[PDB]
Amino acid sequence: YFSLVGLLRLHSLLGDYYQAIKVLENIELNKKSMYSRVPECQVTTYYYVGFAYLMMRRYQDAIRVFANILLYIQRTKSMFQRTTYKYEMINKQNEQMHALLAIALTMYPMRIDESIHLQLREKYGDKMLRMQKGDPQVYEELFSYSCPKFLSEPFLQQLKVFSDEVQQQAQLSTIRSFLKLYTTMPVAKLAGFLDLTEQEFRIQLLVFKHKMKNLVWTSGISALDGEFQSXXXXXXXXXXXXXXXXXXXXXXXX
Amino acid sequence: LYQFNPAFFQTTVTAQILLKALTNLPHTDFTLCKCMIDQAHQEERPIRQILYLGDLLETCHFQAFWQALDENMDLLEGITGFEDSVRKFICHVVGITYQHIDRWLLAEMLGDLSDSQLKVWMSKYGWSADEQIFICXXXXXXXXXXXXXXXXX
Amino acid sequence: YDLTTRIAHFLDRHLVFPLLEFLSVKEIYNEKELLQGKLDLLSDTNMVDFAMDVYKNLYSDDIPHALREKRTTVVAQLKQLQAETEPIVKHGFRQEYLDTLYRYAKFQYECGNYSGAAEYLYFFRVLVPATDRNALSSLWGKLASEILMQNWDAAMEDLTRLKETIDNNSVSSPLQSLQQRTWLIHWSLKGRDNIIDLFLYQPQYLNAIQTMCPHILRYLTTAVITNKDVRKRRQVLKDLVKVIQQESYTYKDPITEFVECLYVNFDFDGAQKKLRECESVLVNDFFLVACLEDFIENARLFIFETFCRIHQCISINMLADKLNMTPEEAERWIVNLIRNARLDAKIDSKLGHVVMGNXXXXXXXXXXXXXXXXXXXXXXXXXX
């Protein structure tokens, strides 16, 4: 299995994406043999899974594999703490993997966590701030300055392709975050907000394009007026009540 | 085979593969092909230009696509039905993103069609002009009781 | 307002004459007060260039005796100082050389040649016995001369050299002086949000030298009030209304005090009428003149925002009629404000109706609830 993982990694470095993915699909094998033989091997497997997820459109699978290799913030926002058993060089590799995961991790949920990560570095914290700001100009500059980190082989990453793709997804999220919730919206307010986006004409186009994505819903768009319009509830309430009970249970059990 | 045996890289065949992949949108074909071409080759003419055109389609900038599309482009001549295939994708997107749409606008998005040609596509997806082209307890209670009990406890 | 008191109020010579010349140039060429007092004041001093200007039309009649005496006494003084400095460079004593650099600075300043006053002023750098007195006073001087030459960059520079300098005394105002200079530099350079922070910070209780006591009250007050983007509720409340020290400056110019009380209290019409009243005087202010139109407009925008966020639907025509300012003018102002994106006002002038908006709705509340639930879960995990 280790040979398969190493070979797959080599192919990925010099190899096509689909064959490597197929190898990864064969590749997974019982946890226990790996656990008995060494601490590190499991971490390496987790890293490989994370890489596959990154290649894969979904960041969910990689998010799980990376956290298991290294501690990650859990749903319900509880700290996940990893074992220190693996050899220190291996642990450093794991930390590097965790740093890589942040990229997958940010996509998975939220929000501004770097507590496990060192406070002093602005490389990751700065990136987090820029995402929070919602303005590309800072984001673009962050890529520009830390151009060196992305490059680290050069042929293998000639064009920075992945980072650019990720940034373009990242830019879209904030607009959806207003997320409609208004039956009818003034055009001017939309224009002011869409103006911030680099293309001036995007709102006529950028707004319609968003509707196509379906992240956000626009009503009355393309209208002569020009102003956008924008049991289930019970289920939602019940869900919340369930969460509350769960929290109480954990408290009582504790 | 081209990625693994660089000396065999064929520009025309690669361009046709990419263009045909685009005719298969909304499927992932176009993206998969891109995964199979390294940066150096994607940056070469006319692969760079073709990827740019694909980008316009993926981002659904249809007017920009038709404008940027060198209608008399050599590679397109042999690709039978290329233009109509692109239109099918556009109508797929339109059927998902519009409730109502201006007749003039749809024709523009489909490549500046005559009213007669537009009629062909409206007919194909069953769209018709309107004012315009017409396009388109007990358990709960028990649950609360349990939740309440849990809270009380 | 009377000029006698204004001119009298400001200690600084540049304010004493430059302000008179500004009032004269700034508003009406014809009016006597700007020119008569400036003439008479200039004739009390060593600058014949300013004196020459006074001699020119719109100025007091030229006198041969005044210019010849000044000019000659200057030649003599320049020879004297030149020699003295020659000799001081040649007793090998730092203090004497420093005095000479300072004295050349004084001589050039009074003579009205500012570049040289600056050069010879900062030439005292090397010969400073101590940074705090020799060096900080050099700073105060470069600050005076830089303000008067209109480079506020340099003012900030020597402000950071001075306040960066290692030895600082809490008791001394010079803190006050430097605050005033910085405030002034920020004000000369949306809202700065720095100028007000500075001006509001402290009062020496000793003469400003740089800033009129009224000047600090008004500059602080208006800059603050216009800082919608920067200002906290506290910034309106914490750093101005609740700020007891600044109250001292404020009681000096009560029209501004009531202007701020009006704004904080939601009567924006009253506030804006005060502003309209003072506008003509504030256009006479040598430092404020250039920012007046901007600050008032910003205040108006803030008032509109306060009105605009609190009401979902607005009767625009009624507001214009009930505004206490003309409805058409108000509409024009709103139109100007909107494009900037300052206001998310949804307005048609013709309709006279205005509408601003801040299952979907129901989902919103539900989403928030879920968010809180998530946080709670996180806390539980941390505890475990």
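- What the entry reports as its method is cryo-EM, with 9.3 Å given for the resolution.

**Remarks on the overall build of chain C**
Link 1 in the chain: When its secondary structure is counted, chain C shows 21 helices and three strands.
Link 2 in the chain: Taking 21 Å as the expected radius of gyration for a compact globule of 384 residues, we find that chain C reaches 27 Å, considerably beyond that expectation.
Link 3 in the chain: Along the three orthogonal principal directions, the C-alpha set of chain C runs to about 90 × 70 × 35 Å.

**Quick look at the overall build of chain B**
Link 1 in the chain: From N to C terminus, chain B includes ten helices and zero strands.
Link 2 in the chain: Since a compact globule built from 153 residues should have a radius of gyration of about 15 Å, the 24 Å found for chain B marks it as more spread out than a globular shape.
Link 3 in the chain: Each of the three principal axes of chain B carries a C-alpha extent, and together these read 75 × 50 × 20 Å.

**What to know about the arrangement of the chains**
Link 1 in the chain: Once contacts are tallied for each of the two pairs of chains in contact, the highest total is for chains A and C.
Link 2 in the chain: Over all C-alpha pairs, chain B and chain C never come within contact, reaching a minimum spacing of 15 Å.

**With respect to the sheet that holds strand β1 (residues 313-315) of chain C**
Strand pairing in a sheet relies on backbone hydrogen bonds, with the paired strands running either antiparallel or parallel.
Residue and element names in this part refer to chain C.
Link 1 in the chain: One open sheet accounts for three strands, arranged β1-β3-β2; its pairing is antiparallel. Two strands lie at the open edges of the sheet, namely β1 and β2 (347-348), each paired on one side alone.
Link 2 in the chain: Sheet analysis places β2 next to strand β3 (residues 353-355), joined by two bridges and oriented antiparallel. Across the sheet, the residue bridging to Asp348 is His353, located in β3.

**Observations regarding the packing of helix α9 (residues 131-149) of chain C against helix α10 (residues 152-164) of chain C**
Residues and elements named next belong to chain C.
Link 1 in the chain: Between α9 and α10, whose axes approach to 9 Å, the crossing angle comes to 170 degrees. As far as their axial angle goes, α10 and α9 are roughly antiparallel. Residues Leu139, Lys142 and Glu146 of α9 pack against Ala154, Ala155, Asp158 and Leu162 of α10.
Link 2 in the chain: Each residue belonging to the contact of α9 with α10 can be placed in one class, and the counts come to four nonpolar, no polar and three charged.

Parameters at a glance
Residues numbered from 1 in each chain as written, not as in the entry; some residues may be left out. Chains lettered and ligands numbered in written order. Part of a larger assembly, values for the part shown. Heavy atoms only, no water. Residues with missing side-chain atoms left out of burial classes, pairs and counts. Helix = DSSP H or I, 4+ residues; strand = E, 2+ residues; numbered from the N terminus. Rg over C-alpha atoms; globule rule 2.2 N^0.38 Å. Contact = heavy atoms within 4.5 Å. Pairing = 2+ DSSP bridges. Axes fitted to C-alpha atoms, helices over the stretch in contact; angles between N-to-C directions. Parallel < 35°, antiparallel > 145°, perpendicular 65-115°, else oblique. Nonpolar A, V, L, I, M, F, W, Y, C, P; charged D, E, K, R; others polar.

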